[PDB]
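> output the structure for:
(3 chains)
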Amino acid sequence: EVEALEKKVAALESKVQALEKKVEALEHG
Amino acid sequence: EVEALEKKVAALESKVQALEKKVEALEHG
Amino acid sequence: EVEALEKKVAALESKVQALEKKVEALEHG
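Numbering: from 1, shown residues only, chains lettered A, B, ... in the order given. Take a look at the structure below.
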C-alpha cells in the first residue's frame, strides 16, 4: 500500500504543478 | 495512518480530476 | 515514508483548496 500511495502522490504533485501554471496564465500574474 | 492517507488521496484525485476539466473548458481545448 | 507522505499530502490539500477557489472566481459562482 505504501508504494502504491507513493505513485498516486507523485502523479498528483505533477498534475497540480501543471494546473497551478495553467491557471496562473489566466489570473494573477 | 495508512488508511487515513488512502482516504485523503482518493479525495484529492477526485478534486483534481474535476479541476482539470473545469480549467480545460477555459483554456486549451 | 509514511511521515513523508503525510507532509506531501497536507501540502497538496493546501494547494488544491487554493486552486479550487482561484478557479471558482473564473467560473461557476
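> helices along chain A, start to end?
A:2-26 (DSSP state H).
> tell me the residues of it that contact chain B?
A:1-2, A:5, A:8-9, A:12, A:15-16, A:19, A:22-23, A:25-26 (Cβ under 8 Å from any Cβ of the partner chain). Heads up, the C-betas are built off the backbone N, CA and C, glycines and all.
> just the buried members of these?
By neighbour count, with 16 or more other Cβ atoms under 10 Å in any protein chain shown, the residues of chain A next to chain B hold A:5, A:8, A:9, A:12, A:15, A:16, A:19, A:22, A:23 as buried.
> how much space between the fourth one and chain C?
From residue A:12 over to chain C the distance is 6 Å, taken as Cβ to the nearest Cβ, to the nearest Å.
> quick one: contacts for the nearest residue to residue A:25 once chain neighbours are set aside?
Excluding the flanking residues, the one nearest residue A:25 by Cβ to Cβ, 6 or more residues apart in numbering or on different chains is residue B:27, at 7.1 Å. Residues in contact with residue B:27 (Cβ atoms under 8 Å, 6 or more residues apart in numbering or on different chains) are A:22, A:25, A:26.
> find the centremost residue of chain A, please.
The structure's chain A has its C-alpha centroid closest to residue A:16; by Cα atoms, centre = their mean the separation is 2.0 Å.
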